[PDB]
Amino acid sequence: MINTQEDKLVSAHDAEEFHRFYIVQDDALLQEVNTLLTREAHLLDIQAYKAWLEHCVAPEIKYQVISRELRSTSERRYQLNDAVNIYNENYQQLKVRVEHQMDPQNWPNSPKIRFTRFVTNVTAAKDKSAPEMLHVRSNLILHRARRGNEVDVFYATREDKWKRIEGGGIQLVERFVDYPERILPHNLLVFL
């Protein structure tokens, strides 16, 4: 348990999230979320974007990837906005994106792009109020190679909300990613 008055470097957000996990010790739930995150990462790797959107993405989805502005650690007066939304999509906006990738005149995707992604550090907890809801945290390395000698590697932590669907499925409701490099090393047209 984290005391923010002593632990001077911890965010209020980072701390509130840490206190969700590592309490209840549910092995069942862990095997569930591993299947989920893996299947999702598998689908994005083989570029099965349609299936990802239909089966994995819940319709009420918020899909957010922010780039935070670098303030002084002592800042107490400057109050303009904190963060850009690199990604802040509802289902319709994601749908356009998926449809963009599959379109036969999408020049950057000829020859086919190779995506391989590594998912680690997974933990999950049931929301205490609405138990159908699932908080899940996971880390991700994404390797993106194309046209021979172009390569880009991405590193990200993803704070996820997943909800149980009536058909026995589970779909993604919320993804928040605080992308840790402020100047992104290449254009992030990939799903994290």
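A residue's number is simply how far along the shown sequence it sits, counting from 1.
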| item | value |
| --- | --- |
| Selected stretch [higher average CA B-factor]: 125 to 133 or 138 to 146 | 125 to 133 |
| Average Cα temperature factor in the PDB entry - higher stretch of 15 to 23, 177 to 185 | 15 to 23 |
| Residue with highest C-alpha B-factor in the PDB entry, from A28, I61, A48, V65 | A28 |
| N106, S74, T116, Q93, ranked by C-alpha B-factor: the highest one | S74 |
| Third of the chain's Cα B-factor distribution that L172 belongs to, per the entry | lowest |
| Position of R158 among the chain's modelled residues by C-alpha B-factor, lowest, middle or highest third | lowest |
| Modelled-residue ranking by C-alpha temperature factor, third containing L37 | middle |
| Relative C-alpha B-factor of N81, binned into the chain's lowest, middle or highest third | highest |
| Where the record places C56 (Cα B-factor, split into thirds across the chain) | middle |
